[PDB]
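Only one chain is given next, in structure tokens, and it is the form deposited in one PDB entry.
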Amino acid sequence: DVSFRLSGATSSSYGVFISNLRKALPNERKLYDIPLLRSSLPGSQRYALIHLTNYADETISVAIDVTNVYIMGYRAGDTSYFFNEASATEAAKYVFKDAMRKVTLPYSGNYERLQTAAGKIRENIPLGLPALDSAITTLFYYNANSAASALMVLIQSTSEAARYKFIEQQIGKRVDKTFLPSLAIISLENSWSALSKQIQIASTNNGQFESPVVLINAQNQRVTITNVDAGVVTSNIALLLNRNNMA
């Protein structure tokens, strides 16, 4: 299990938390010094639990699938909450089994569904450590109308931070402030599967992608990424989705 406590948290201690979350994920190999995640694991090995505690000492436990860093659902007290999808129904056979109530959320855990349900796009939802505190409080005292936006804060602060060093560093900097994510963060979130696939292809193709990936950089320019010597591959992406795990 991995834990993070917001009371007394610093940039350094969020960095230690995201390091430990990456270390909790099993990898087959490394390609270009980046962990390649497993394609399939038995249910008994497939899930990791993250414990998150806000400023008021209220704790939720979040279940993640370690093959794709996907959040399956969370527990608050005696009640578990799972996303309305196939992988989350599978997850509920293995985690939070002694929860007295189980609630199935009225959506799946993908962004197009969560943004529709929240009525807000990712660019307009604050991130930073105080926004994670707020997200924990909202999810602990489950308010249906505010859950979807809180779950997007939670996903971006744990899963997306683990996938990219840039996202980890941007969220971790904001200890007593909040910020709105740039299109650079949004395009990294959007492009993880495609970048992962192309880096796996590149290892059999002399470091060259078969299909380019278009990212948005810090100056809001569309940049076309074509190989493993690009900065996003050398010094940013921290985990690779297995090619067998993309559908």
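The numbering used is simple: start at 1 and walk along the sequence shown.
Visitor: Could you check the entry and say whether 218-226 or 181-189 has the higher mean CA B-factor?
Guide: Of 181-189 and 218-226, the stretch with the higher C-alpha B-factor average is 218-226.
Visitor: Could you check the entry and say whether 157-165 or 133-141 has the higher mean CA B-factor?
Guide: Averaging CA B-factors over each stretch, the winner is 133-141.
Visitor: In the PDB entry, which of 86, 151, 127, 71 has its C-alpha at the highest B-factor?
Guide: Across 86, 151, 127, 71, the entry lists the biggest C-alpha B-factor for 86.
Visitor: Would you mind checking which of 91, 147, 171, 114 has the top Cα temperature factor in the PDB entry?
Guide: Spelled out: the listed residue with the top C-alpha B-factor is 91.
Visitor: Divide the modelled residues of the chain into thirds by Cα B-factor and specify which third, lowest, middle or highest, holds residue 241.
Guide: Lowest third of the chain for residue 241's C-alpha B-factor.
Visitor: Pull the Cα B-factor of residue 67 out of the PDB entry and bin it into the chain's lowest, middle or highest third.
Guide: Lowest third - that is where residue 67 ends up once the chain's C-alpha B-factors are sorted.
Visitor: Where does the C-alpha B-factor of residue 75 rank in its chain, lowest, middle or highest third?
Guide: As the PDB entry reports it, the C-alpha B-factor of residue 75 lands in the middle third of its chain.
Visitor: Hey, what third does residue 9 fall into on Cα B-factor, ranked over its chain?
Guide: Residue 9: CA B-factor falls in the middle third of its chain.
Visitor: Split the chain's modelled residues into thirds by Cα B-factor; is residue 198 in the lowest, middle or highest one?
Guide: It belongs to the lowest third of the chain when residues are ordered by C-alpha B-factor.
There is another form of the same protein, the form solved in complex with a partner chain; it is not shown, and what comes next is about it.
Visitor: Answer with yes or no whether residue 219 is in contact with its partner chain in the bound PDB entry, where contact means some heavy atom within 4.5 Å.
Guide: Flag for residue 219 set to yes.
Visitor: With the partner left out here, check for me: in the bound PDB entry, does some heavy atom of residue 202 sit within 4.5 Å of its partner chain?
Guide: Flag for residue 202 set to no.
Visitor: When the contact criterion is heavy atoms within 4.5 Å, does residue 170 count as touching its partner chain in the bound PDB entry?
Guide: Yes, residue 170 sits close enough to its partner chain in the bound PDB entry that at least one of its heavy atoms falls within 4.5 Å.
Visitor: Is there a heavy atom of residue 231 lying 4.5 Å or less from a heavy atom of its partner chain in the bound PDB entry?
Guide: Yes, residue 231 sits close enough to its partner chain in the bound PDB entry that at least one of its heavy atoms falls within 4.5 Å.
Visitor: Establish, in the bound PDB entry, whether 124, 150 and 163 all lie within 4.5 Å of its partner chain, using non-hydrogen atoms for the distance.
Guide: Per the other structure, none of 124, 150 and 163 touch its partner chain.
Visitor: Which single stretch, out of 172-180, 116-124, 86-94, 137-145, brings residue heavy atoms within 4.5 Å of its partner chain in the bound PDB entry?
Guide: Single hit among the candidates: 172-180.
Visitor: Which pick from 50, 69, 34, 184 sits with a heavy atom within 4.5 Å of its partner chain in the bound PDB entry?
Guide: Contact with its partner chain in the bound PDB entry is made by 184 alone.
Visitor: Check each of 225, 239, 25, 9 and return the one that places a heavy atom within 4.5 angstroms of its partner chain in the bound PDB entry.
Guide: After the contact test, the surviving option is 225.
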